[PDB]
């Protein structure tokens, strides 16, 4: 295993030795993170890890309370709620730390030294293969809008409820902002009487039963994980352009064991951690050198080139999504199109 240790500062490792501890608040399901925890501990067996697996709004609320109340909170925050992470990291909550594992991160995958992408997870199409074969599932917004004119598809579509899901909002908003054809598709959800879900599970359970045949906008990581045990679940990658979310990690400014947090963050971003995350958890890796299905190379091949993937950036530019006029405009269009 030794040749693939993450790059480390000896001073850090010796600090992290003295602390012994590492408080994670994370939106990654433990049973998906476990393999990374276990393998992180094998590299630094002198760090006792508190994985708190929490809802995204729970992490944001909890932290903001503990930090205001002046109490010991997390050492490290890891969340798919990109706008809430970037908000915390651009309001004084983050420890500035230049990760030696992030030297080749694109600028839009890090908030300078304040926060880092750990994943590159595409919004995909999923479909029950018993009801829609691969060859008739469109890979474009314009083709999907056409399929959803069919009376056989009425009531047979799931997508996000952007009014009940923060991640659903982020991904449909990014779609709306980047692809004019999303407006034709949103109208076609109205035509097909799309059902809107606040969770991936709720959606996927209705695709697997066949109560739906097709779900739009859910992430490739959850699909691949569910497909490991449901061979009737198909995945189609959009070839007219794909939006990708990035789980954001940052170190608490006021972390009590900051040096641990550095040794965990560097491990998450390393090829060892990214490899194990892609291979075990089926979470789509950020690092471009990972080999396997849940990886940038595989995504880029599936969509017809890297220039077809729009990564939602680890950038304060995404805080436009929190602007009440900018939400108003998108949600006005959405509710009219889908109802």
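Numbering follows the first chain given and starts at 1.
Higher-B stretch (mean Cα B-factor, as the entry records it), 290-298 or 25-33: Comparing averages over the C-alpha atoms only gives 25-33.
6-14 versus 320-328 - greater average Cα B-factor per the deposited record: Here the higher of the two C-alpha B-factor means belongs to 6-14.
Of the residues 311, 277, 69, 271, the one carrying the largest Cα B-factor as recorded: Of the candidates given, the C-alpha B-factor peaks at 69.
Candidate set 164, 247, 87, 187 [ranked by C-alpha B-factor, highest]: Answer, based on the entry's C-alpha B-factors: 164.
Position of residue 210 among the chain's modelled residues by C-alpha B-factor, lowest, middle or highest third: For residue 210, whose C-alpha B-factor we compare with every modelled residue in the chain, the answer is the highest third.
Residue 281 - which third its CA temperature factor falls in, relative to the rest of the chain: Residue 281: CA B-factor falls in the middle third of its chain.
Among modelled residues of the same chain, the CA temperature factor third for residue 156: Middle third by C-alpha B-factor.
Residue 147 - which third its CA temperature factor falls in, relative to the rest of the chain: Ranked within chain, residue 147 CA B lands in the lowest tercile.
CA B-factor ranking of residue 128, expressed as a third of its chain: Residue 128: CA B-factor falls in the middle third of its chain.
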